[PDB]
Protein chains: 2
Amino acid sequence: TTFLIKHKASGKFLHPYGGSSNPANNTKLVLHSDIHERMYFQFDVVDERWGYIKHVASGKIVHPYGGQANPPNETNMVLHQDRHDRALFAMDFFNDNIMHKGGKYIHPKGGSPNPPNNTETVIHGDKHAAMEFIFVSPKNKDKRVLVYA
Amino acid sequence: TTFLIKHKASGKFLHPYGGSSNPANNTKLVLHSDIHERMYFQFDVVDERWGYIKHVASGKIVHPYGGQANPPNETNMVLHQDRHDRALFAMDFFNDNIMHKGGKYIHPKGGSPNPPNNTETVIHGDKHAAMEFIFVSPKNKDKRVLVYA
Ligand SMILES: OC[C@H]1O[C@@H](O)[C@H](O)[C@@H](O)[C@H]1O
Ligand SMILES: OC[C@H]1O[C@H](O)[C@H](O)[C@@H](O)[C@H]1O
Ligand SMILES: OC[C@H]1O[C@H](O)[C@H](O)[C@@H](O)[C@H]1O
Ligand SMILES: OC[C@H]1O[C@H](O)[C@H](O)[C@@H](O)[C@H]1O
Ligand SMILES: OC[C@H]1O[C@H](O)[C@H](O)[C@@H](O)[C@H]1O
Ligand SMILES: OC[C@H]1O[C@H](O)[C@H](O)[C@@H](O)[C@H]1O
């Protein structure tokens, strides 16, 4: 299932910085208000809840920068071609968050409920309203879709 | 995906009372330690998180007895052949519970974390350790499996 990753508090979406159909390895993931095919994602299940968050246009997936199993707070989120267990996430559509295998979450850097366009996303352990995400239809940005199959 | 519904606190499983391969409509759902093909379930997605919890052997699905949209606390869980929106549940594999569309959860009657075989299950709004369930492989009762597809 293809979906948009929507920051719940702001309504902005996860994008590769620059919006390329083929971002280079280690391109940062940011929040931005635009909708287009280069901010579409899919989720590839690896082990029950755990899987890869895949940028549809390029096939690269979401990583903590440097590929840590236990990335520290403020580690940047990036896209990278590699597939390994340090790029595993769970798409928690009940609590509305995205958790890395190490137990921390994807946040907007700085934790704003209304981050401006091109705000970087990072790992952080905190849980609060400004780190919530919902997963929605590319044809209807208010319609939640099931990302697991 | 076929799975066992395992009460987390006790390790007992959801069964039709009596274990029939074709339980009559309104047969109660109980907790019991046995494993066999007549306590296998599947989840049929209807609307994102919402779907029907299907008894594999019979094709009947889980209902609150009486089929109310807002069943009160202590309403018995049963199997019934009917499909309608009052038989919609979400299988919350993040918080480890089963939620009815009306917002309440499946519980062991009376709330014991170590209830005896043939304990009835019921609707109740409370959240606590004794209403947690996990969804596991029929071939390995300790291995969580993804119920959504
Ligand atoms: O019947 C189920 C209920 O049993 C009560 O005794 C318990 O306090 C509730 O939280 C719920 O578990
Ligand atoms: O950084 C993300 C941003 O990149 C470019 O500016 C694109 O034009 C936008 O649509 C958006 O994808
Ligand atoms: O930035 C992410 C990137 O980090 C390191 O370079 C790892 O070796 C890669 O596999 C990838 O995880
Ligand atoms: O960078 C993310 C980080 O931003 C701020 O420091 C917030 O207080 C934290 O809760 C977290 O959201
Ligand atoms: O009530 C459930 C219970 O019913 C019968 O006793 C069966 O023999 C058991 O395996 C179990 O299914
Ligand atoms: O007990 C379950 C049963 O309850 C009532 O009889 C409803 O009308 C049926 O569809 C079914 O939901």
Side-chain angles (χ1 to χ4, degrees), chain A residues 3-36 38-136 141 144 147-148, chain B residues 93-95:
Chain A
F3 55 92
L4 321 179
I5 294 172
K6 190 165 89 164
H7 183 242
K8 193 169 184 196
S10 70
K12 296 194 177 70
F13 304 95
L14 199 69
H15 285 234
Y17 179 62
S20 181
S21 59
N22 192 16
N25 287 319
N26 295 320
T27 298
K28 292 180 179 169
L29 290 152
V30 301
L31 298 178
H32 198 284
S33 55
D34 285 358
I35 299 173
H36 53 63
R38 302 105 54 206
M39 47 70 81
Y40 290 4
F41 290 86
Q42 286 165 354
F43 188 69
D44 289 341
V45 172
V46 173
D47 175 22
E48 188 245 5
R49 69 195 64 209
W50 302 107
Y52 304 134
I53 307 171
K54 185 169 67 196
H55 181 240
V56 175
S58 70
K60 297 187 175 76
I61 66 167
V62 178
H63 289 238
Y65 180 62
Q68 303 81 12
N70 298 94
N73 291 339
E74 304 293 317
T75 300
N76 281 90
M77 308 315 295
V78 300
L79 291 174
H80 199 285
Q81 70 182 69
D82 287 357
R83 262 63 163 180
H84 52 58
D85 287 355
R86 304 98 64 192
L88 289 171
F89 299 79
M91 308 296 282
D92 184 345
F93 61 103
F94 291 89
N95 299 308
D96 295 343
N97 65 54
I98 300 169
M99 186 191 281
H100 179 259
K101 192 65 161 64
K104 300 183 182 288
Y105 305 97
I106 301 183
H107 286 235
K109 186 173 183 77
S112 183
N114 193 22
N117 280 345
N118 295 320
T119 295
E120 299 174 2
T121 63
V122 300
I123 292 291
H124 202 283
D126 285 359
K127 190 158 49 161
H128 53 59
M131 50 65 81
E132 293 173 4
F133 290 90
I134 70 168
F135 318 126
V136 299
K141 68 194 176 193
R144 291 172 183 255
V147 307
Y148 283 89
Chain B
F93 60 103
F94 289 91
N95 299 309

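Below, read A as the first sequence line, B as the second, and so on, with proteins coming before strands; counting in each chain starts at 1. Only heavy atoms go into these numbers, but all of them, side chains included; no hydrogens, no water, no symmetry mates.
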List the atom of A:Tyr148, the atom of A:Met91, and the distance in Å for their closest heavy-atom pair. OH-N, 3.0 Å

Might you work through the side chain to side chain contact (heavy atoms under 4.5 Å, CB included) test for A:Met39 and A:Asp34, ending with a clear yes or no? CA-CA 8 Å; A:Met39 47 70 81; A:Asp34 285 358; 5.9 Å; no

Checking the side chain of A:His100 only, and the main-chain atoms of A:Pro64 only, is there a donor and an acceptor separated by less than 3.5 Å? no

Is it true that atom CZ of B:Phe94 has more than 12 heavy atoms of other residues, nucleotides or ligands lying nearer than 6.0 Å? yes

Please examine the side chains of A:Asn95 and A:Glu132, heavy atoms only from C-beta on, and report whether any two atoms are closer than 4.5 Å. no

Atom CG in A:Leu31, atom CD1 in A:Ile5: separation rounded to 0.5 Å? 10.0 Å

Parallel, tilted or perpendicular: which describes the rings of A:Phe93 and B:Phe93, with under 30° parallel and over 60° perpendicular? perpendicular

Residues at least two apart in sequence or cross-chain that pass ring-ring contact (aromatic ring centres under 6.0 Å, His included) with A:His7, listed by chain then number, are A:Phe133

Can you name the nearest heavy-atom pair linking A:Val147 to A:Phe43, along with the distance? O-CB, 3.8 Å

May I ask you to decide if A:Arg38's main-chain N or O and A:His55's side chain share a donor-acceptor pair within less than 3.5 Å? yes

Between the OH atom in A:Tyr65 and the CG atom in A:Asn76, the distance rounded to the nearest 0.5 Å is 8.5 Å

Pick from A:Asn25, A:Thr27, A:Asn22: which one makes a side-chain hydrogen bond (donor to acceptor under 3.5 Å, both in side chains) with A:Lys60? A:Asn22

Scan the side chains in residues 122-130 of chain A for donor-acceptor partners under 3.5 Å anywhere in the protein, sequence neighbours excluded, and list what turns up.
from	atom 1	to	atom 2	distance (Å)
A:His124	ND1	A:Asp126	N	3.1
A:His128	ND1	A:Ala130	N	3.2
A:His128	ND1	A:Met131	N	3.4

State the NZ-CG distance between A:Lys28 and A:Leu79, to the nearest 0.5 angstrom. 13.0 Å

Roughly how far apart are A:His80 NE2 and A:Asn26 CG, rounded to 0.5 Å? 5.0 Å

Between the main-chain N or O of A:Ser33 and the side-chain N or O of A:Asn117, is there a donor-acceptor pair closer than 3.5 Å? yes

Are the side chains of A:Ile98 and A:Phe135 in touch, meaning some heavy atoms are under 4.5 Å apart? yes

A:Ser20 versus A:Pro16, closest heavy-atom pair with distance: O-CG, 4.1 Å

Minimum side-chain heavy-atom gap A:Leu88-A:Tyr52 below 4.5 Å: yes

Within the side chain of A:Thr121, is there an N or O that forms a donor-acceptor pair under 3.5 Å with the backbone of A:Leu29? yes

So, A:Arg49 side chain and A:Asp47 main chain: donor-acceptor pair closer than 3.5 Å or not? no

So which pairs with a foot in residues 93-111 of chain A pass salt bridge (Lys or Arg N to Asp or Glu O under 4.0 Å), sequence neighbours left out? A:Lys8-A:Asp96, A:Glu74-A:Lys109, A:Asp96-A:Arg144

Using modelled atom types and a 3.5 Å cut-off, is there a donor and acceptor pairing between side-chain atoms of A:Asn118 and backbone atoms of A:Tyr17? no

N/O donor-acceptor pair under 3.5 Å between A:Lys54 side chain and A:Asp44 backbone: no

Gap separating the NE2 atom of A:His32 from the OG1 atom of A:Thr119, nearest 0.5 angstrom: 10.0 Å

Which distance, rounded to the nearest 0.5 Å, do you find between the NZ of A:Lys141 and the CZ of A:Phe13? 6.0 Å

Pair A:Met77, A:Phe89 - check side chain to side chain contact (heavy atoms under 4.5 Å, CB included), show working. CA-CA 12 Å; A:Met77 308 315 295; A:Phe89 299 79; 3.6 Å; yes

Would you say A:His63's side chain and A:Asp82's backbone share a donor-acceptor pair under 3.5 angstrom? yes

Does OH belonging to A:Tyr40 count more than 12 external heavy atoms closer than 6.0 Å? yes

